[PDB]
$ cat input32.txt   # compact mmCIF, C-alpha atoms
# COMPACT_ATOMS: atom_id res chain seq x y z
CA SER Q 1 -9.27 -25.36 5.48
CA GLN Q 2 -11.27 -23.28 3.03
CA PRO Q 3 -12.31 -24.57 -0.36
CA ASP Q 4 -10.35 -23.03 -3.27
CA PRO Q 5 -12.30 -20.17 -4.95
CA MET Q 6 -14.44 -20.41 -8.05
CA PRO Q 7 -14.60 -17.40 -10.44
CA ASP Q 8 -17.72 -16.13 -8.64
CA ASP Q 9 -15.85 -16.14 -5.30
CA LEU Q 10 -13.29 -13.67 -6.79
CA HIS Q 11 -13.23 -9.90 -7.27
CA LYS Q 12 -12.79 -8.87 -10.86
CA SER Q 13 -10.59 -5.92 -11.62
CA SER Q 14 -12.97 -5.05 -14.50
CA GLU Q 15 -15.65 -4.29 -11.89
CA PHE Q 16 -13.33 -1.94 -9.91
CA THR Q 17 -13.45 1.48 -11.38
CA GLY Q 18 -11.41 3.49 -8.80
CA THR Q 19 -7.59 3.83 -8.79
CA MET Q 20 -5.59 0.53 -8.72
CA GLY Q 21 -2.61 2.71 -7.63
CA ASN Q 22 -4.06 2.53 -4.07
CA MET Q 23 -3.70 -1.27 -4.13
CA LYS Q 24 -0.23 -1.13 -5.86
CA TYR Q 25 0.87 1.30 -3.15
CA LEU Q 26 0.38 -1.36 -0.36
CA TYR Q 27 2.68 -3.81 -2.15
CA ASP Q 28 5.16 -1.85 -4.24
CA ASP Q 29 8.43 -1.74 -2.14
CA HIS Q 30 6.28 -0.83 0.91
CA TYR Q 31 6.47 -2.44 4.31
CA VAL Q 32 7.13 -1.77 7.97
CA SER Q 33 9.99 -3.98 9.29
CA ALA Q 34 11.55 -4.10 12.80
CA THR Q 35 13.82 -6.55 14.56
CA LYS Q 36 13.96 -7.34 18.25
CA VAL Q 37 11.49 -4.72 19.59
CA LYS Q 38 8.88 -4.54 22.36
CA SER Q 39 5.58 -2.69 22.45
CA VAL Q 40 5.43 0.66 24.19
CA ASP Q 41 1.71 1.49 24.25
CA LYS Q 42 -1.82 0.47 23.32
CA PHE Q 43 -4.79 2.41 21.95
CA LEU Q 44 -7.75 0.07 21.81
CA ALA Q 45 -7.64 -3.29 23.67
CA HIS Q 46 -6.90 -5.43 20.57
CA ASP Q 47 -3.91 -3.37 19.32
CA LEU Q 48 -0.26 -2.57 20.20
CA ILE Q 49 1.95 0.39 19.45
CA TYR Q 50 5.67 0.15 18.66
CA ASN Q 51 8.37 2.78 18.27
CA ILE Q 52 9.54 2.11 14.71
CA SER Q 53 10.89 4.79 12.43
CA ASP Q 54 10.41 4.91 8.71
CA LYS Q 55 13.57 4.01 6.80
CA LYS Q 56 12.74 5.06 3.22
CA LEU Q 57 11.11 8.44 3.82
CA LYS Q 58 10.14 10.04 7.17
CA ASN Q 59 6.47 9.31 7.24
CA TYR Q 60 6.34 7.76 10.73
CA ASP Q 61 8.00 7.00 14.10
CA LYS Q 62 5.05 5.18 15.56
CA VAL Q 63 3.26 2.13 14.38
CA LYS Q 64 0.07 0.69 15.67
CA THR Q 65 -0.73 -2.86 14.78
CA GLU Q 66 -4.28 -4.25 15.23
CA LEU Q 67 -4.84 -7.90 16.16
CA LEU Q 68 -7.96 -10.11 16.28
CA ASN Q 69 -8.88 -9.34 19.93
CA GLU Q 70 -7.30 -8.43 23.28
CA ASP Q 71 -6.08 -11.96 24.01
CA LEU Q 72 -3.85 -12.02 20.97
CA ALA Q 73 -2.55 -8.54 21.93
CA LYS Q 74 -1.83 -9.67 25.52
CA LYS Q 75 0.14 -12.67 24.18
CA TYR Q 76 2.53 -10.24 22.44
CA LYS Q 77 2.19 -7.20 24.65
CA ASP Q 78 5.31 -7.70 26.74
CA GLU Q 79 7.23 -9.89 24.27
CA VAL Q 80 10.40 -9.08 22.29
CA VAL Q 81 9.20 -9.48 18.66
CA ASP Q 82 9.98 -8.78 15.03
CA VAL Q 83 7.49 -6.87 12.86
CA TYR Q 84 6.70 -7.09 9.19
CA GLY Q 85 3.69 -5.78 7.32
CA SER Q 86 1.98 -3.43 4.95
CA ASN Q 87 1.08 -0.02 6.58
CA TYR Q 88 -1.59 2.58 5.60
CA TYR Q 89 -2.26 6.20 6.57
CA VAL Q 90 -5.82 7.08 5.46
CA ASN Q 91 -8.17 6.36 8.47
CA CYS Q 92 -5.22 5.36 10.66
CA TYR Q 93 -6.02 6.57 14.14
CA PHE Q 94 -4.55 6.41 17.56
CA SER Q 95 -4.11 8.62 20.58
CA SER Q 96 -0.52 9.07 21.68
CA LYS Q 97 -2.22 10.32 24.96
CA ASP Q 98 0.79 12.53 25.64
CA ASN Q 99 -0.39 14.72 22.80
CA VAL Q 100 2.80 14.09 20.74
CA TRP Q 101 0.61 15.25 17.84
CA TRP Q 102 3.83 16.27 16.03
CA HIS Q 103 5.01 12.69 15.41
CA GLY Q 104 4.28 10.76 12.18
CA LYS Q 105 2.12 7.74 12.67
CA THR Q 106 1.19 4.70 10.62
CA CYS Q 107 -1.04 1.68 11.05
CA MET Q 108 -1.10 -1.97 10.12
CA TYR Q 109 -2.59 -5.42 11.00
CA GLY Q 110 -0.81 -8.42 12.62
CA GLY Q 111 2.82 -8.90 11.38
CA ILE Q 112 4.21 -9.96 14.78
CA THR Q 113 6.50 -12.92 15.58
CA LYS Q 114 8.32 -13.77 18.85
CA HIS Q 115 11.99 -12.92 18.16
CA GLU Q 116 13.84 -15.54 20.28
CA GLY Q 117 14.02 -18.95 18.70
CA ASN Q 118 12.77 -17.69 15.35
CA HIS Q 119 16.00 -16.80 13.55
CA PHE Q 120 18.70 -18.72 11.64
CA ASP Q 121 22.50 -18.46 12.20
CA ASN Q 122 24.83 -15.85 10.84
CA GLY Q 123 22.46 -13.98 8.58
CA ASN Q 124 21.18 -17.06 6.73
CA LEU Q 125 17.83 -16.60 4.86
CA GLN Q 126 15.23 -19.30 4.13
CA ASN Q 127 13.87 -19.43 0.55
CA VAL Q 128 10.18 -19.86 -0.17
CA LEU Q 129 9.07 -20.84 -3.64
CA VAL Q 130 6.20 -19.14 -5.39
CA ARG Q 131 4.64 -20.75 -8.40
CA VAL Q 132 2.55 -18.63 -10.63
CA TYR Q 133 -0.34 -19.69 -12.85
CA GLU Q 134 -1.95 -17.57 -15.52
CA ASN Q 135 -5.16 -18.91 -17.12
CA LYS Q 136 -4.56 -22.28 -15.41
CA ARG Q 137 -1.00 -22.87 -16.76
CA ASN Q 138 2.24 -22.61 -14.72
CA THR Q 139 4.21 -19.69 -16.23
CA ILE Q 140 7.04 -18.77 -13.83
CA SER Q 141 8.20 -19.50 -10.34
CA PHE Q 142 10.53 -17.40 -8.20
CA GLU Q 143 11.86 -17.46 -4.66
CA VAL Q 144 11.29 -14.97 -1.82
CA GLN Q 145 13.58 -14.93 1.25
CA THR Q 146 12.72 -14.51 4.93
CA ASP Q 147 14.83 -14.43 8.06
CA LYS Q 148 12.19 -16.19 10.14
CA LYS Q 149 11.56 -19.91 10.89
CA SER Q 150 7.92 -19.05 11.70
CA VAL Q 151 6.97 -16.12 9.35
CA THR Q 152 3.56 -14.39 8.92
CA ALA Q 153 1.71 -15.25 5.71
CA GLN Q 154 1.51 -11.42 5.34
CA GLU Q 155 5.25 -10.96 4.96
CA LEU Q 156 5.40 -13.69 2.28
CA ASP Q 157 2.30 -12.31 0.46
CA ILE Q 158 3.88 -8.79 0.37
CA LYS Q 159 7.20 -10.25 -1.00
CA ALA Q 160 5.32 -12.29 -3.59
CA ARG Q 161 3.25 -9.35 -4.81
CA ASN Q 162 6.21 -6.91 -4.80
CA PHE Q 163 8.02 -9.27 -7.15
CA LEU Q 164 4.99 -9.58 -9.38
CA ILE Q 165 4.30 -5.85 -9.63
CA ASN Q 166 7.78 -5.45 -11.03
CA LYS Q 167 7.98 -8.60 -13.18
CA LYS Q 168 4.31 -8.86 -14.31
CA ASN Q 169 2.72 -5.36 -13.79
CA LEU Q 170 0.39 -7.12 -11.33
CA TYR Q 171 -1.06 -3.67 -10.40
CA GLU Q 172 -0.72 -0.50 -12.39
CA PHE Q 173 -1.96 3.02 -11.54
CA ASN Q 174 -5.28 2.80 -13.27
CA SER Q 175 -6.09 -0.94 -13.55
CA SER Q 176 -4.49 -4.47 -13.76
CA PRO Q 177 -3.67 -6.59 -16.86
CA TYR Q 178 -5.31 -9.47 -14.81
CA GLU Q 179 -9.02 -9.95 -14.19
CA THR Q 180 -8.74 -12.11 -11.05
CA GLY Q 181 -6.04 -13.32 -8.76
CA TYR Q 182 -5.63 -15.17 -5.49
CA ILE Q 183 -2.55 -16.26 -3.53
CA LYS Q 184 -2.88 -19.66 -1.93
CA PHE Q 185 -0.87 -20.98 0.99
CA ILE Q 186 -0.35 -24.79 1.63
CA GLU Q 187 1.04 -25.89 4.91
CA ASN Q 188 2.93 -29.24 5.22
CA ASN Q 189 0.06 -30.42 7.51
CA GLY Q 190 -2.32 -30.16 4.57
CA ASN Q 191 -4.08 -26.91 5.69
CA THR Q 192 -4.72 -24.50 2.78
CA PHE Q 193 -6.01 -20.91 2.76
CA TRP Q 194 -6.14 -18.08 0.25
CA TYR Q 195 -6.42 -14.25 -0.13
CA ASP Q 196 -8.18 -12.46 -3.02
CA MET Q 197 -5.60 -10.16 -4.64
CA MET Q 198 -8.11 -7.87 -6.35
CA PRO Q 199 -9.98 -4.87 -4.77
CA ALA Q 200 -13.77 -5.14 -4.00
CA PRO Q 201 -16.09 -3.82 -6.83
CA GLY Q 202 -16.99 -0.08 -7.30
CA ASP Q 203 -15.13 3.22 -7.50
CA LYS Q 204 -13.37 3.33 -4.11
CA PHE Q 205 -10.75 1.16 -2.33
CA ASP Q 206 -10.53 1.02 1.35
CA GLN Q 207 -6.89 0.17 2.20
CA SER Q 208 -7.38 -0.29 5.89
CA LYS Q 209 -10.30 -2.67 5.43
CA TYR Q 210 -8.45 -4.68 2.75
CA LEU Q 211 -5.41 -5.00 5.04
CA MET Q 212 -7.56 -5.97 7.97
CA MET Q 213 -7.50 -9.56 6.67
CA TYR Q 214 -3.95 -9.83 8.15
CA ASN Q 215 -5.70 -9.47 11.48
CA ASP Q 216 -5.28 -13.09 12.49
CA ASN Q 217 -1.41 -12.73 12.63
CA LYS Q 218 -1.35 -16.09 10.85
CA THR Q 219 2.18 -17.66 10.70
CA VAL Q 220 3.45 -20.57 8.51
CA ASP Q 221 6.70 -22.60 8.68
CA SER Q 222 9.00 -20.98 6.06
CA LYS Q 223 11.13 -24.20 5.49
CA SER Q 224 8.03 -26.18 4.45
CA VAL Q 225 5.20 -23.90 3.27
CA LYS Q 226 4.14 -23.80 -0.33
CA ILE Q 227 2.68 -20.81 -2.28
CA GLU Q 228 0.77 -20.48 -5.47
CA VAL Q 229 -0.43 -17.33 -7.17
CA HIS Q 230 -3.38 -17.87 -9.50
CA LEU Q 231 -4.24 -15.17 -12.06
CA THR Q 232 -6.59 -14.96 -15.09
CA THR Q 233 -5.93 -12.32 -17.75
CA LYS Q 234 -8.36 -9.50 -18.62
CA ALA H 1 4.66 29.53 2.03
CA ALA H 2 1.71 27.13 2.49
CA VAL H 3 1.98 25.54 -0.96
CA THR H 4 4.85 25.42 -3.47
CA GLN H 5 4.75 24.12 -7.07
CA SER H 6 7.80 22.93 -9.00
CA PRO H 7 8.68 23.99 -11.76
CA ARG H 8 6.80 27.25 -12.37
CA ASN H 9 7.11 27.14 -16.11
CA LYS H 10 7.94 24.18 -18.34
CA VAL H 11 8.20 23.23 -21.99
CA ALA H 12 7.69 19.66 -23.10
CA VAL H 13 7.49 17.73 -26.36
CA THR H 14 4.69 15.26 -27.39
CA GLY H 15 5.30 11.86 -25.75
CA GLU H 16 7.54 13.15 -22.99
CA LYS H 17 6.89 11.96 -19.39
CA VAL H 18 6.38 15.15 -17.28
CA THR H 19 6.13 15.25 -13.51
CA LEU H 20 4.73 18.35 -11.64
CA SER H 21 5.43 18.57 -8.01
CA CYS H 22 3.62 20.30 -5.17
CA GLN H 23 4.82 20.62 -1.54
CA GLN H 24 2.61 21.93 1.30
CA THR H 25 3.69 22.98 4.78
CA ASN H 26 0.40 22.51 6.64
CA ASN H 27 0.29 18.71 7.07
CA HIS H 28 -3.25 18.73 5.67
CA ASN H 29 -4.69 15.30 4.78
CA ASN H 30 -6.13 16.57 1.48
CA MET H 31 -4.33 17.71 -1.64
CA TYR H 32 -5.67 18.43 -5.12
CA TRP H 33 -4.38 18.93 -8.67
CA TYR H 34 -6.36 21.12 -11.13
CA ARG H 35 -5.82 22.51 -14.61
CA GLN H 36 -7.07 25.97 -15.73
CA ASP H 37 -8.25 26.30 -19.36
CA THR H 38 -10.48 28.77 -21.19
CA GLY H 39 -14.23 28.00 -21.17
CA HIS H 40 -13.80 26.05 -17.96
CA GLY H 41 -13.33 26.76 -14.29
CA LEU H 42 -10.45 24.91 -12.60
CA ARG H 43 -11.06 21.32 -13.34
CA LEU H 44 -9.98 18.63 -10.78
CA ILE H 45 -7.62 15.99 -12.20
CA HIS H 46 -6.68 13.82 -9.15
CA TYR H 47 -6.82 14.45 -5.52
CA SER H 48 -5.62 12.67 -2.35
CA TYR H 49 -7.03 12.03 1.15
CA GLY H 50 -3.66 11.21 2.61
CA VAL H 51 -0.29 9.42 2.15
CA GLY H 52 -0.52 6.48 -0.22
CA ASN H 53 -3.92 7.51 -1.56
CA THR H 54 -4.97 9.13 -4.77
CA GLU H 55 -8.43 9.51 -6.30
CA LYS H 56 -9.54 10.52 -9.78
CA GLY H 57 -11.25 13.89 -10.10
CA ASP H 58 -13.45 14.91 -13.03
CA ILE H 59 -10.80 14.76 -15.78
CA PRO H 60 -8.16 12.11 -14.67
CA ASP H 61 -7.56 10.81 -18.27
CA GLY H 62 -3.93 10.82 -19.55
CA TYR H 63 -2.60 11.68 -15.86
CA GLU H 64 -1.45 9.69 -12.83
CA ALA H 65 -0.56 11.01 -9.43
CA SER H 66 1.50 10.12 -6.36
CA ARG H 67 1.17 10.96 -2.70
CA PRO H 68 4.43 9.68 -1.07
CA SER H 69 4.40 11.85 2.06
CA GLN H 70 2.01 14.30 3.80
CA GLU H 71 3.78 17.21 2.18
CA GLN H 72 4.19 15.99 -1.39
CA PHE H 73 1.61 15.45 -4.16
CA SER H 74 2.91 14.84 -7.74
CA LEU H 75 1.07 14.96 -10.98
CA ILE H 76 2.39 12.72 -13.80
CA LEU H 77 1.72 13.18 -17.48
CA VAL H 78 2.93 9.82 -18.64
CA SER H 79 3.00 10.62 -22.36
CA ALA H 80 2.38 14.32 -22.86
CA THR H 81 0.00 15.62 -25.55
CA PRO H 82 -0.63 19.11 -26.95
CA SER H 83 -4.04 19.09 -25.17
CA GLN H 84 -2.15 18.87 -21.82
CA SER H 85 -0.80 22.32 -22.36
CA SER H 86 -2.37 24.34 -19.62
CA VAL H 87 -1.79 26.12 -16.32
CA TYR H 88 -1.84 23.62 -13.44
CA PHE H 89 -2.66 24.50 -9.83
CA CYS H 90 -2.03 22.37 -6.70
CA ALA H 91 -4.07 22.99 -3.47
CA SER H 92 -4.04 21.65 0.10
CA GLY H 93 -7.20 21.88 2.10
CA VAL H 94 -9.00 21.21 5.41
CA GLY H 95 -12.77 21.62 5.77
CA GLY H 96 -14.01 24.29 3.34
CA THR H 97 -10.55 26.05 3.10
CA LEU H 98 -8.27 25.59 0.06
CA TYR H 99 -4.67 26.86 0.04
CA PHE H 100 -3.50 27.31 -3.71
CA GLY H 101 -0.06 27.19 -5.21
CA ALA H 102 1.04 29.90 -7.64
CA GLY H 103 0.56 27.81 -10.76
CA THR H 104 2.73 25.94 -13.30
CA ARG H 105 2.46 26.77 -16.96
CA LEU H 106 3.12 23.76 -19.22
CA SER H 107 3.54 23.93 -23.03
CA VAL H 108 3.56 20.60 -24.77
CA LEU H 109 5.01 21.11 -28.24
$ encode --input "input32.txt" --output "structure tokens"
Amino acid sequence: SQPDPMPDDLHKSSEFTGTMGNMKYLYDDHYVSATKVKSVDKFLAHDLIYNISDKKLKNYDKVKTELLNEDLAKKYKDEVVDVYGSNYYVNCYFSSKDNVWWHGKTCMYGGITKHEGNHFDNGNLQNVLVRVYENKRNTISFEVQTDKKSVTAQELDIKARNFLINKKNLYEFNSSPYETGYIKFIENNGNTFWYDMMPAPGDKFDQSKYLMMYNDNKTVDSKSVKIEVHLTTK
Amino acid sequence: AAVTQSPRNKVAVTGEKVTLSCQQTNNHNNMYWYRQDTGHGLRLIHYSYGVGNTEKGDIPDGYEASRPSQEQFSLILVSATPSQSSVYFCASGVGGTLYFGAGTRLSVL
């Protein structure tokens, strides 16, 4: 259980001088989602490939998800699963070793949950509350919904940030109205953990490497988990 | 055609939001938006290394950009100014080869 961050543990948007659009892009109504699927291929040992087609546009029919190591991949390799995460295209690589070089491809990290046993009845959705703090005062709270009993932290993070882009301009094209932000998860068993919401300093943003934190395929219990988003303004 | 720009000629008024679109057929990773003005070569505004990516060029100020698909790269003047009057050229490229569109002439009145 990691200590909460101090202001020196946190990326400042004011030190990022590239395009904050490339961070907004990963969160702004952007996700791969699939229900009741099974992996069809592998590229490297720690990854799995699924046949999932893009809904919104037609940017992909194949998705590769990378996990921590080969053991984690073997756990899920033959399993019927659901998928939810944030995908990227720059530096996304994988042989389809069939050529099939004419098929759209996309990549992501973790996002995998066993399907059987993980769903509610008759289309019911579990709410998860997100409380937001700006400059160390509660401002608003909102709910996000998921269809999973055990849900990746990644799915919830994406839903939380999507809402905040639209409600709070969390990320804009050029910069952010916030200087720092982290999203903090609190499990009923007392375990906490957090993700920095701001890009590393400098004039470039590496989407793949930012998303790689979802590597661990970390799941929380939707019924009981708590979430806080902590922001300071510019 | 490798590269197509839409529209080819446009009139706008100060403060209008103007979007210029460019479609390529080559599935190149890289796309570019430039403006051509007197006393300058083509100056790079934003470019893109692939879907979901855009990067500022030498004169990004008072423009945004969007790369929603391999084929599409848009340039967005979010509140147009007389100085944004220009001829704008989209390119796709691979290695040292650039494939230009025919140009879009924009008057901001």
$ residues_around --input "input32.txt" --residues "residue 2 (chain H)" --least-positions-apart "2" --cutoff "7 Å" --atoms "only C-alpha atoms" --output "PyMOL selection string"
chain H and resi 4+24-26+99
$ write_last_selection --input "input32.txt" --atoms "C-alpha atoms" --output "short mmCIF file (atom, residue, chain, number, x, y, z; two decimals), in the frame of the given file"
data_model
loop_
_atom_site.label_atom_id
_atom_site.label_comp_id
_atom_site.auth_asym_id
_atom_site.auth_seq_id
_atom_site.Cartn_x
_atom_site.Cartn_y
_atom_site.Cartn_z
CA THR H 4 4.85 25.42 -3.47
CA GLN H 24 2.61 21.93 1.30
CA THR H 25 3.69 22.98 4.78
CA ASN H 26 0.40 22.51 6.64
CA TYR H 99 -4.67 26.86 0.04
#
$ closest_atom_pairs --input "input32.txt" --of "chain H" --to "chain Q" --cutoff "7 Å" --atoms "only C-alpha atoms" --output "CSV"
residue,atom,partner,partner_atom,distance
H:49,CA,Q:90,CA,6.7
H:50,CA,Q:90,CA,5.5
H:51,CA,Q:89,CA,5.8
H:52,CA,Q:25,CA,6.1
H:53,CA,Q:22,CA,5.6
H:54,CA,Q:22,CA,6.7
H:55,CA,Q:19,CA,6.3
H:64,CA,Q:173,CA,6.8
H:69,CA,Q:59,CA,6.1
$ atom_distance --input "input32.txt" --atom1 "CA of residue 65 (chain H)" --atom2 "CA of residue 93 (chain Q)"
24.6 Å
$ atom_distance --input "input32.txt" --atom1 "CA of residue 208 (chain Q)" --atom2 "CA of residue 66 (chain Q)"
10.6 Å
$ residues_around --input "input32.txt" --residues "region 216-229 of chain Q" --least-positions-apart "4" --cutoff "10 Å" --atoms "only C-alpha atoms" --output "PyMOL selection string"
chain Q and resi 66-69+72+109-113+125-134+138+141+145-157+160-161+164+181-190+192+194-195+197+212
$ atom_distance --input "input32.txt" --atom1 "CA of residue 142 (chain Q)" --atom2 "CA of residue 169 (chain Q)"
15.4 Å
$ residues_around --input "input32.txt" --residues "residue 42 (chain H)" --least-positions-apart "3" --cutoff "10 Å" --atoms "only C-alpha atoms" --output "JSON, numbers by chain"
{"H": [33, 34, 35, 36, 37, 38, 39, 45, 87, 88, 89]}
$ write_last_selection --input "input32.txt" --atoms "C-alpha atoms" --output "compact mmCIF listing (two decimals), in the coordinates of the input"
# COMPACT_ATOMS: atom_id res chain seq x y z
CA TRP H 33 -4.38 18.93 -8.67
CA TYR H 34 -6.36 21.12 -11.13
CA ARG H 35 -5.82 22.51 -14.61
CA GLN H 36 -7.07 25.97 -15.73
CA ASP H 37 -8.25 26.30 -19.36
CA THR H 38 -10.48 28.77 -21.19
CA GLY H 39 -14.23 28.00 -21.17
CA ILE H 45 -7.62 15.99 -12.20
CA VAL H 87 -1.79 26.12 -16.32
CA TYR H 88 -1.84 23.62 -13.44
CA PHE H 89 -2.66 24.50 -9.83
$ axis_aligned_box --input "input32.txt" --around "region 161-176 of chain Q" --padding-each-side "3 Å" --output "lines of an AutoDock Vina configuration file"
center_x = 1.0
center_y = -3.3
center_z = -9.6
size_x = 20.1
size_y = 18.6
size_z = 15.5
$ residues_near_point --input "input32.txt" --point "(15.4, -10.7, 17.2)" --cutoff "10 Å" --atoms "only C-alpha atoms" --output "ChimeraX atom specification"
/Q:34-37,80-83,113-119,147-148
$ build_atoms --input "input32.txt" --residues "region 106-130 of chain Q" --atoms "N, CA and C atoms" --output "compact mmCIF listing (two decimals), keeping the file's coordinate frame"
# COMPACT_ATOMS: atom_id res chain seq x y z
N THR Q 106 1.70 5.59 11.64
CA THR Q 106 1.19 4.70 10.62
C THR Q 106 0.52 3.49 11.26
N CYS Q 107 -0.32 2.82 10.50
CA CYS Q 107 -1.04 1.68 11.05
C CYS Q 107 -0.89 0.43 10.17
N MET Q 108 -1.17 -0.69 10.80
CA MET Q 108 -1.10 -1.97 10.12
C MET Q 108 -1.90 -3.03 10.91
N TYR Q 109 -1.91 -4.26 10.37
CA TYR Q 109 -2.59 -5.42 11.00
C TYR Q 109 -1.58 -6.57 11.17
N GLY Q 110 -1.72 -7.29 12.26
CA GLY Q 110 -0.81 -8.42 12.62
C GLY Q 110 0.70 -8.19 12.41
N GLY Q 111 1.38 -9.07 11.67
CA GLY Q 111 2.82 -8.90 11.38
C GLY Q 111 3.81 -9.17 12.51
N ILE Q 112 3.38 -9.87 13.56
CA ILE Q 112 4.21 -9.96 14.78
C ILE Q 112 4.71 -11.38 15.03
N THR Q 113 6.01 -11.56 15.24
CA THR Q 113 6.50 -12.92 15.58
C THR Q 113 7.44 -12.82 16.76
N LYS Q 114 7.30 -13.73 17.76
CA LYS Q 114 8.32 -13.77 18.85
C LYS Q 114 9.70 -13.81 18.22
N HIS Q 115 10.64 -13.03 18.75
CA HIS Q 115 11.99 -12.92 18.16
C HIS Q 115 12.90 -14.13 18.49
N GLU Q 116 12.97 -14.47 19.78
CA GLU Q 116 13.84 -15.54 20.28
C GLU Q 116 13.38 -16.90 19.81
N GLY Q 117 14.28 -17.60 19.14
CA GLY Q 117 14.02 -18.95 18.70
C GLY Q 117 13.61 -18.96 17.26
N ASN Q 118 13.43 -17.77 16.67
CA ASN Q 118 12.77 -17.69 15.35
C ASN Q 118 13.68 -17.41 14.17
N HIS Q 119 14.96 -17.19 14.48
CA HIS Q 119 16.00 -16.80 13.55
C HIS Q 119 17.08 -17.89 13.29
N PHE Q 120 17.65 -17.85 12.08
CA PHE Q 120 18.70 -18.72 11.64
C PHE Q 120 20.04 -18.15 12.09
N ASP Q 121 21.13 -18.88 11.79
CA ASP Q 121 22.50 -18.46 12.20
C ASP Q 121 23.13 -17.58 11.17
N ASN Q 122 23.84 -16.55 11.65
CA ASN Q 122 24.83 -15.85 10.84
C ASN Q 122 24.29 -15.23 9.55
N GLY Q 123 23.06 -14.74 9.66
CA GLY Q 123 22.46 -13.98 8.58
C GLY Q 123 21.89 -14.89 7.52
N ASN Q 124 21.72 -16.19 7.79
CA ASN Q 124 21.18 -17.06 6.73
C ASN Q 124 19.67 -16.72 6.47
N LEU Q 125 19.20 -16.90 5.25
CA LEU Q 125 17.83 -16.60 4.86
C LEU Q 125 17.23 -17.87 4.30
N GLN Q 126 16.00 -18.18 4.69
CA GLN Q 126 15.23 -19.30 4.13
C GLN Q 126 14.50 -18.87 2.86
N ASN Q 127 14.62 -19.64 1.78
CA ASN Q 127 13.87 -19.43 0.55
C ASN Q 127 12.48 -20.03 0.61
N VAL Q 128 11.54 -19.36 -0.04
CA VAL Q 128 10.18 -19.86 -0.17
C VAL Q 128 9.82 -19.74 -1.62
N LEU Q 129 9.36 -20.84 -2.22
CA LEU Q 129 9.07 -20.84 -3.64
C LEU Q 129 7.66 -20.40 -3.93
N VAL Q 130 7.50 -19.56 -4.96
CA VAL Q 130 6.20 -19.14 -5.39
C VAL Q 130 6.00 -19.56 -6.82
